[PDB]
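Take a look at this single chain in structure tokens; it is the form deposited in one PDB entry.
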């Protein structure tokens, strides 16, 4: 049986992928770049703050000073952090709270593998911190998603091998990171976005302990 579940946060635990998108799109437009639509945003999900800005600049076409790059990343984060202040337990996605409870009752370890430096704040807003056995700090890894480092770190922080773990993700970059760690991915979203070569569910209500067991046994 699997011994740990490694959770992405944004777009898995709650709808904050939507807020990252809205904030990046507002930033891009302030600097005269309009290519940041929902289709392009699939390339930004799971990607670090600095890598996200670089992808937006690369889109069209475009270079800024080192000083301006720092200011732009800060401006987006300040806006995003204002947006999330009113997040509460009522915003936890369907199935997630019950899954956390059921995992703890079956002595399965729970670790956060989010690229977001705002992850700990969000878990506190949602009254979820006490369900987590570890949080892998994205500032401590040498390589961010799609590199596997953060998923490997999350597994190791709870004393489990990645190959004894399931990873839950909403993003192309994060699915690749789970694959390359050795853990088993279960995606949430559209196969049009995430691929036809892993198990994918349409929404988080499908993330039950029963289903994770169904998949692991298959």
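Residue numbers count along the first chain shown, from 1. Think of the rigid core as the biggest set of C-alphas that the two forms share within 1.5 Å after superposition.
- Averaged over CA atoms, B-factors in the entry run higher in 198-206 than in the other of 9-17 and 198-206.
- Mean CA temperature factor is higher for 137-145 when stretches 74-82 and 137-145 are set side by side in the entry.
- When the C-alpha B-factors of 34, 165, 41, 171 are read from the PDB record, the largest value belongs to 34.
- Among all modelled residues in its chain, residue 101 ranks in the lowest third by Cα B-factor.
- In the deposited entry, the Cα temperature factor of residue 188 places it in the lowest third of its chain's modelled residues.
One more form of this protein should be noted, the form deposited in another entry, which is absent from this view; the next part is about it.
- Superposition of the core reveals a Cα shift of less than 2 Å for residue 122 between this form and the one not shown.
- The Cα shift for residue 46 between this form and the one not shown, taken after rigid core superposition, is 2 angstroms or larger.
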